[PDB]
Structure formats: structure tokens, C-alpha cells
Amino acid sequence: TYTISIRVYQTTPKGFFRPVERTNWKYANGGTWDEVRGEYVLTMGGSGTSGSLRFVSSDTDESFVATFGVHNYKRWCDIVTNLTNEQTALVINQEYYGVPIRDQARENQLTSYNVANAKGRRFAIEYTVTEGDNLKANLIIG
């Protein structure tokens, strides 16, 4: 069993991102999302799957999907923003198992990733515990 525990940080009172969606990819017997002590906890049965969280700021017409998983026994993460209305977490999560650019992001097995949207706001994932079954990450909204 792997877990990925996620702490969400929102660094500026400009806009407000709320949680709107959480998905589980079907590989390795799937997975679950849990709220545990104010954290998002992704539990997976083995290596080779993932889960996504979508956040939306309606004040500023902004959004992003953050995906976390384990690929060949190492954690990975990715952020996708500049989402169309058709790009829900359900769509984005699935794409990490067929779309080349998404595949590569997952294949990179990164301990940290950051990206800016069209408005120049940065989003980041940083794993604070990068090894073992029980992984920890910060999700940082700039």
C-alpha cells in the first residue's frame, strides 16, 4: 500500500481556490481519497496508479488539476492549468495513461514541480517525504 498525504497552502488573498473534484485511476486495484486531519490522503493498493484533485477560483476564472501517484515504485506529480471547461479531473487523470506529454510527466517521477497559468500565477507541488510507502507533499497555490 502507498499513501500520499497532501497539505494545501494558499499564499495570497488574491482569488480563492476551492476543492471541486477528486478522482482515482483504475490501475493497481484503484485507490481512494480521504480527508484526514485537514489533509488530502490518497491511498493506492500498489505502484502504477494515481489520483487527481481539481481546484477552482471563480473570483478570477482560474483552475488547475494536481495529480499524484506512484510509477515504477517512485512517486510522481504533475499540475495542469489553463483548463478548458471540458478538462475536469476525470479527463485529466485518465490522460496520464495514453497521452504522450502526460505520460512523460508521470515518467519523470518528480519530487517537485511548478507551473504558471495564463495569468502568471504559479502552482507548485513539493514532496517533503520522497521515499517509502507513506509519502507527503505540499500543494502550493501562488
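In this text, residue numbers run from 1 along the sequence as written.
When the modelled residues of the chain are ordered by C-alpha B-factor, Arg106 sits in the middle third. Looking at the C-alpha B-factors along this chain, the one for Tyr96 belongs to the middle third. Per the deposited record, the Cα B-factor of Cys77 falls in the lowest third when ranked against the other modelled residues of its chain. The deposited CA B-factor of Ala28 belongs to the highest third of values across its chain.
Among the modelled residues of its chain, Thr88 has a C-alpha B-factor that falls in the middle third, as given in the PDB entry.
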